[PDB]
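S.K.: Take the sequence shown: its letters are residues 29 to 1083, numbered as in PDB author numbering. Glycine is no exception: its CB is placed at the ideal position from the N, C-alpha and C atoms.
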Amino acid sequence: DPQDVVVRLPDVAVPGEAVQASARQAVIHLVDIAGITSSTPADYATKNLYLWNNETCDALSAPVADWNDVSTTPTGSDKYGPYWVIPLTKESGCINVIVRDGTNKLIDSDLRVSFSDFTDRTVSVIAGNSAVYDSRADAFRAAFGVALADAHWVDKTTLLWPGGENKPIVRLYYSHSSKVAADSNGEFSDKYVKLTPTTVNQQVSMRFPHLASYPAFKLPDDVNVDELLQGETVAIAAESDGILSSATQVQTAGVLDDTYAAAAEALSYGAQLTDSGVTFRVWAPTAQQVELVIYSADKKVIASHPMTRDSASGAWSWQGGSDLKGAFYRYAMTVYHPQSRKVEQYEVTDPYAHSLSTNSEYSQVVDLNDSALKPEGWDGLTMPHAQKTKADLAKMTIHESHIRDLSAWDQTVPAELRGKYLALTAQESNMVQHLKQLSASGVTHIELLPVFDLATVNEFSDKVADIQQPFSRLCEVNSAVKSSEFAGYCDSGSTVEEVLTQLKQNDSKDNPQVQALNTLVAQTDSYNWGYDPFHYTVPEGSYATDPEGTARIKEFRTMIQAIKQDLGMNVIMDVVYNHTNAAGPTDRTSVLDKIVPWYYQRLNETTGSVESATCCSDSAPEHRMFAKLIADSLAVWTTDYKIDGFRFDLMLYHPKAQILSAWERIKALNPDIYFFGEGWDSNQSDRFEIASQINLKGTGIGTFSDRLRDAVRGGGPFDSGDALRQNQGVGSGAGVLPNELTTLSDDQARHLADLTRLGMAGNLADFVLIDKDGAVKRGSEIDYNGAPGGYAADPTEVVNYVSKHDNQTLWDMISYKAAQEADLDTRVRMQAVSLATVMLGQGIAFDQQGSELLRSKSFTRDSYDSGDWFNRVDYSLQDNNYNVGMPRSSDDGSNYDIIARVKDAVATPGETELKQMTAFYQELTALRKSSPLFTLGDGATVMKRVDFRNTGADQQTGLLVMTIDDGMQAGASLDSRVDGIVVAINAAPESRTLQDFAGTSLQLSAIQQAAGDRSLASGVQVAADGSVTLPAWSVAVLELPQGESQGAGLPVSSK
Ligand SMILES: OC[C@H]1O[C@@H]2O[C@H]3[C@H](O)[C@@H](O)[C@@H](O[C@H]4[C@H](O)[C@@H](O)[C@@H](O[C@H]5[C@H](O)[C@@H](O)[C@@H](O[C@H]6[C@H](O)[C@@H](O)[C@@H](O[C@H]7[C@H](O)[C@@H](O)[C@@H](O[C@H]8[C@H](O)[C@@H](O)[C@@H](O[C@H]9[C@H](O)[C@@H](O)[C@@H](O[C@H]1[C@H](O)[C@H]2O)O[C@@H]9CO)O[C@@H]8CO)O[C@@H]7CO)O[C@@H]6CO)O[C@@H]5CO)O[C@@H]4CO)O[C@@H]3CO
Ligand SMILES: OC[C@H]1O[C@@H]2O[C@H]3[C@H](O)[C@@H](O)[C@@H](O[C@H]4[C@H](O)[C@@H](O)[C@@H](O[C@H]5[C@H](O)[C@@H](O)[C@@H](O[C@H]6[C@H](O)[C@@H](O)[C@@H](O[C@H]7[C@H](O)[C@@H](O)[C@@H](O[C@H]8[C@H](O)[C@@H](O)[C@@H](O[C@H]9[C@H](O)[C@@H](O)[C@@H](O[C@H]1[C@H](O)[C@H]2O)O[C@@H]9CO)O[C@@H]8CO)O[C@@H]7CO)O[C@@H]6CO)O[C@@H]5CO)O[C@@H]4CO)O[C@@H]3CO
Ligand SMILES: [Ca+2]
Ligand SMILES: [Ca+2]
Ligand SMILES: [Ca+2]
Ligand SMILES: [Ca+2]
Ligand SMILES: [Ca+2]
């Protein structure tokens, strides 16, 4: 088309520098983009700089602090703009500048000119842009070149772009093999499509509501999208004469979904065994070439196959023989990546990989149904615990565990199984026997921290050193140790563990030496929580005895079978679909973003940079093919690994619709699978309806409740310093046993009691209780940091807990918070009292591995990379890992002062306390499952049967009294043995007497009577008249015994 105006650069040269700063000088160019378009010779008399020294930048020589002084006018100027020569006292550091016309800012931003980064101290700026450029050419190309990525090709015919609104020429340029750039004639001569303004359709605004305010443009219905998506596309806008306004890169995930997803969703992906052979398929709708590279066991290329592109789906496939089973493979990609703007060439593992080589370098063809990859009996393995009804689900009592935390320290686990899946098969080890005991007593589910393929442990054992090994080994594999203050131990002949123990003696807030060595250990040990996804649907390799090939698959299943069959527990996996470990075209662990660049990651709407609000490389579960990958991945964990439930990490970054979609998909495989996650606020509500506590009401999708958690623990996860001690919780005596720093008022204490009672009734929005002032409140009317406290529809949608892998352990919180006068035995009872609010509540019960052993991390708040030393759990019951060194200073350094003040208040728990806490713990879990009344499942049923005494403004502070009705006003007798239950948690130093049940023949539960002196209710007195005397820091479960008819019980009061 020749009538089309040709888009071109300004008909002016790219500018050199006006002047170059001399000694004790800096030079600022203002590149006058408007006057480069020229017309009228520009007048710069009113341009001026405001120059001042503060504390961070002070190099200016004679800065005039008078804001109203506009006399710092240009030193000179040429056709490209003015420049300023600025005297200096020094050529290092920086200067502060605001660029003005008169007193108005041309750049609404205090500028810092760093001599350290601009060594010739000669920089350029442009009006309306806070960026400091090294040269006018750079700034010039910034203004008249490609920049950012704010154009959004969202379906076949709709481009959303700011830069093109009310511009005469708006075009989508595209180049198959090079980056769209101006000619030798300054002309953009690459091929393009023409764009005409239009109106955002309803389907596009529904799909992309965060973009609905973007100026919309239409493409011809006959544009060949497949051709444009093969290379670079750049949206370009231009004036009426053809001069370039702006040019930006294009985000294409919307049009990729509109063009390909319907066809692509019908296909299955990865290396798939069939009856004819093996079918390979990978989704790569923008790739120019995909070659399947086949590797021998020793990683030699033994074949290379150009794959067949299916043009409806953008998937690539190839079919080979059945003998390819066990073979290693990668996809050789030829694909444009917008981040580098190059057509990249690299081999990538399969995102649908189901088996891996060591350290995930190669994917491997596997048939997960092979009986060689199954323990004997696998196919008939069943759930030891039902999950079918809401009452089934409410019984869930979760023990959140980590593969190394379980066995790394257990000398009774065979050495070669320590830190391995197979440690769970060590039937006589302390660890497994302790777990069996916990299961007999009513822990029902093991929840496993990441056992999918994580990135952050090196699976080549030669490159790893663990604290149980010689310190010389640590030196060999970690070259930083050589130049560390611990270098001398390289010759010591002792283990790293022996050195860390030795370092305990002089370790202090002033000499944090244990943490110092451990930070080096952490770089090259086997330890990480593993919230760092490499491949979503392969087991982690470092947890296998053999990480090379399929061995880990059978070992994983042997563990799963042992937990269900040897230990009697169901299994929940933590899954982390909300982010990838890395993105872009070069990083070793960028898998998804090498194959389909900019599709699987969530990007900033204007820069196209991968967002990091999760921590890392944010994913895009709102995109259709990643939603499919998630669902397909869960299908394998469900069917092929027999996982009973999934906990979604940062579920709030997922659309509600996508989570429910995945759930219906998985429920069609197994109807009893349970989904829950972290449903905080992801700040993504502008893009879709997030999968949050609030939005998931009624769905049956569970969420961690932070309500009872914070009320019982005290404070919040972002407390530091004195606040860690001041913010006592119900479990540590808020308002009844104050420590020396706190100012908690009685009203504040009663408010925590409201959140705790609300949580023990399942944290429902509609539950009705009497609040701290004696007023009638619905759950949703109790405040929690401004949000409605109660949010659920059924208690199965709420997971209560007072300790978790992240943030401080319960014991460390009690240690921060307990008054000096609380002795060691009282603190053990505070731990049990805290856990009682979870274990005796209607919400699903969740707890950190080792709360029953008073688990400590030496005050470490965030132990994800703190190794075996700080995450130690001692199943030989010698101690609780308390006081083993100051925690990592980079995250807890601002807590050293309060740590040192509170740390040594009482002795460190030893074997007597550990056994006592475990008995306490098993007493609580046995109580939880002793009656269906504790686990009613259905919220309306909770509302009809659960009530509280000792409420209102004159309540006895810290005394929690819950009643569960099994009498006629409620409905049927769900429990044949009792007409009602009373739960009384006396979180207080005073003994207390209940008269609410005078005359009722109330009696103590048989479980607690049988524990005798060892019971949380030791010393409870039930008088003849039915009054109950509760010791300090006690938990009592009482019951109305049943006679041969459902009695009156404990009718809920209508309020
Ligand atoms: O001395 C205490 C503060 O110390 C530190 O501040 C120093 C800076 O670090 C240092 O760089 C330098 O400041 C320079 C600054 O960085 C440059 O940007 C520039 O400032 C000029 C600015 O760019 C112009 O726009 C203009 O300012 C006008 C402004 O735009 C206009 O809106 C109005 O300002 C009024 C505010 O709108 C109004 O809210 C109110 O201000 C409140 C304020 O909001 C409130 O927070 C409180 O101020 C606190 C402050 O928050 C504290 O942090 C602390 O200040 C210290 C800083 O933190 C350090 O950074 O204490 C303050 C309490 O005294 O109370 C204010 C009420 O008084 O009123 C505003 C004024 O009426 O008016 C101006 C009109 O000119 O001109 C600016 C310069 O004139 O140049 C700065 C160099 O002067 O120096 C700082 C030390 O002086
Ligand atoms: O994103 C990086 C962080 O990731 C990890 O954080 C995870 C948490 O550990 C985990 O518990 C969960 O958090 C959710 C939480 O469980 C839910 O309850 C809820 O959180 C809400 C909370 O309950 C409410 O109280 C309220 O918070 C208010 C708060 O009460 C109030 O005091 C104030 O907050 C101020 C702080 O008190 C004050 O100290 C300071 O905070 C600074 C901080 O000092 C500084 O170091 C820096 O923070 C860093 C941090 O040090 C880094 O380690 C890293 O944080 C990560 C965590 O460590 C991970 O464990 O990066 C941070 C910076 O990005 O900067 C802080 C300030 O920005 O000032 C605070 C105010 O500015 O106000 C708030 C009210 O706004 O609302 C809470 C909502 O967030 O939901 C949580 C979901 O985030 O999951 C986390 C997963 O990421
Ligand atoms: Ca320069
Ligand atoms: Ca791994
Ligand atoms: Ca580590
Ligand atoms: Ca956002
Ligand atoms: Ca009954």
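What are the start and end residues of the alpha helix (DSSP H) that includes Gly895?
M.R.: Unbroken alpha helix (DSSP H) run through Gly895: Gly895 to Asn899.
S.K.: With which residues is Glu576 paired in a DSSP beta bridge?
M.R.: The partner list for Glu576 (beta bridge, DSSP) is empty, contrary to what the question assumes.
S.K.: Kindly indicate the opening and closing residues of the beta strand (DSSP E) around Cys122.
M.R.: That run of the beta strand (DSSP E) goes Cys122 to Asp129.
S.K.: Under 8 Å Cβ to Cβ from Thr417, same chain only, skipping five residues before and after it: list those, please.
M.R.: Result list for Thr417: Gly965, in chain order.
S.K.: State the start and end residues of the unbroken beta strand (DSSP E) segment that holds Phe562.
M.R.: From DSSP, the beta strand (DSSP E) with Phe562 extends over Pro561 to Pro567.
S.K.: Kindly indicate which three-state DSSP category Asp907 falls into: helix, strand or coil?
M.R.: Coil, per DSSP.
S.K.: Going by C-alpha to C-alpha distance, which of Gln877, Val221 and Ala933 sits closest to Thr854?
M.R.: The candidate whose alpha carbon is nearest that of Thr854 is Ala933.
S.K.: Assign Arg857 to buried or exposed, taking buried as 16 or more other Cβ atoms, counted over all protein chains shown, within 10 Å of its Cβ.
M.R.: Classification of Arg857: buried, given that the 10 Å Cβ count is 16 or more.
S.K.: Output the distance between the C-alpha atoms of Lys805 and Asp925, rounded to the nearest integer angstrom.
M.R.: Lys805 and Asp925: Cα-Cα distance of roughly 41 Å.
S.K.: Going by the DSSP bridge assignment, what does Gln836 pair with across the sheet?
M.R.: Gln836 pairs with nothing; no bridge assigned.
S.K.: I'd like to confirm something about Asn711: is its beta-carbon nearer than 8 Å to some heavy atom of ligand 6, or not?
M.R.: Checking every heavy atom of ligand 6 against the Cβ of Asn711, one is found closer than 8 Å.
S.K.: Between the Cα of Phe962 and those of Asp1041, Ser1046 and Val1065, spot the shortest distance and give me the residue it belongs to.
M.R.: Of the candidates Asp1041, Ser1046 and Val1065, the one whose C-alpha sits nearest the C-alpha of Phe962 is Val1065.
S.K.: Can you pull the DSSP bridge partners for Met361?
M.R.: Per DSSP, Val318 and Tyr374.
S.K.: Is the closest heavy atom of ligand 4 to the C-beta of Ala579 under 8 Å?
M.R.: Result no, Cβ not under 8 Å from ligand 4.
S.K.: Is it a yes or a no for the region 375-387 touching the region 566-582, going by three-plus beta-carbon pairs under 8 Å?
M.R.: With the cut-off at 8 Å, the region 375-387 and the region 566-582 touch.
S.K.: Name, in chain order, the residues that DSSP records as bridge partners for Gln859.
M.R.: Answer is none; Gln859 lacks a bridge partner.
S.K.: Taking 8 Å as the cut-off, does the region 761-772 touch the region 1011-1027 (at least 3 CB pairs, one atom from each stretch)?
M.R.: Yes, they touch.
S.K.: At the level of alpha carbons, what is the spacing between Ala719 and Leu1002?
M.R.: Approximately 33 Å, taken between the alpha carbons.
S.K.: Could you say if the region 626-635 and the region 503-520 meet the contact criterion of at least three C-beta pairs nearer than 8 Å?
M.R.: Flag = no, the region 626-635 and the region 503-520 do not touch.
S.K.: In chain order, which continuous runs of the alpha helix (DSSP H) of length 4 or greater are located wholly inside the region 656-700?
M.R.: Runs of the alpha helix (DSSP H) inside the region 656-700: 684-697.
S.K.: Grab me the residues of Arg977's own chain with a C-beta within less than 6 Å of its C-beta, minus the 5 sequence neighbours each way, in chain order.
M.R.: Closer than 6 Å at the Cβ level, and outside the excluded window around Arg977, lie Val989 and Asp1024.
S.K.: Should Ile426 and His473 be called a contact, given that it needs their Cβ atoms to be closer than 9 Å?
M.R.: Result yes, Cβ atoms of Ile426 and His473 sit closer than 9 Å.
S.K.: Tell me whether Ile992 is buried or exposed, calling it buried when 16 or more other Cβ atoms sit within 10 Å of its Cβ.
M.R.: With 16 or more Cβ atoms within 10 Å of its Cβ, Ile992 is classed as buried.
S.K.: DSSP three-state label for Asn132, please.
M.R.: In the structure shown, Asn132 sits in a strand (DSSP, three-state: E or B).
S.K.: Along the chain, where does the alpha helix (DSSP H) containing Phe948 start, and where does it finish?
M.R.: Looking at the DSSP string, the run of the alpha helix (DSSP H) that includes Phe948 is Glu939 to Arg956.
S.K.: Can you tell me where the alpha helix (DSSP H) with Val758 in it begins and where it stops?
M.R.: Counting along the chain, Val758 falls outside any alpha helix (DSSP H), and DSSP gives it neither H nor E.
S.K.: Answer with buried or exposed for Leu620, where buried requires no fewer than 16 other C-beta atoms within 10 angstroms of its C-beta.
M.R.: Under this definition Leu620 is a buried residue.
S.K.: As a quick exercise: from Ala1034, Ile600, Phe887 and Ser808, pick the residue whose alpha carbon is nearest that of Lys725.
M.R.: Ranking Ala1034, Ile600, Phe887 and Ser808 by Cα distance to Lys725 puts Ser808 first.
S.K.: Quick check: the Cα distance between residue 1091 and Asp94, rounded to an integer number of angstroms?
M.R.: In this structure the chain extends from 29 to 1083, so residue 1091 is not present and cannot be described.
S.K.: Tell me the rounded alpha-carbon separation between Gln392 and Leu657.
M.R.: If I take the Cα positions, the gap works out to 18 Å.
S.K.: Measure the CB-CB distance between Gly878 and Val901 and report whether it falls below 9 Å.
M.R.: Their beta carbons are under 9 Å apart, which means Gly878 touches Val901 by this criterion.
S.K.: Kindly indicate the opening and closing residues of the beta strand (DSSP E) around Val542.
M.R.: Per DSSP, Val542 belongs to no beta strand (DSSP E); it is in the alpha helix (DSSP H), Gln541 to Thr552.
S.K.: Should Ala381 be counted as a contact of ligand 4 given a C-beta to heavy atom distance under 8 Å?
M.R.: For ligand 4, not one heavy atom lies less than 8 Å from the Cβ of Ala381.
S.K.: Quick one: is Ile330 buried, meaning 16 or more other Cβ sit within 10 Å of its Cβ, or exposed?
M.R.: With fewer than 16 other Cβ atoms within 10 Å, it is exposed.
S.K.: Could you tell me the boundaries of the alpha helix (DSSP H) in which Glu255 lies?
M.R.: It spans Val253 to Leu256 - the alpha helix (DSSP H) in which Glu255 sits, taken as one unbroken run.
S.K.: Is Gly744 close to ligand 2? I mean its beta-carbon at under 8 Å from any heavy atom of the ligand.
M.R.: Yes, since a heavy atom of ligand 2 falls inside the 8 Å radius drawn around the Cβ of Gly744.
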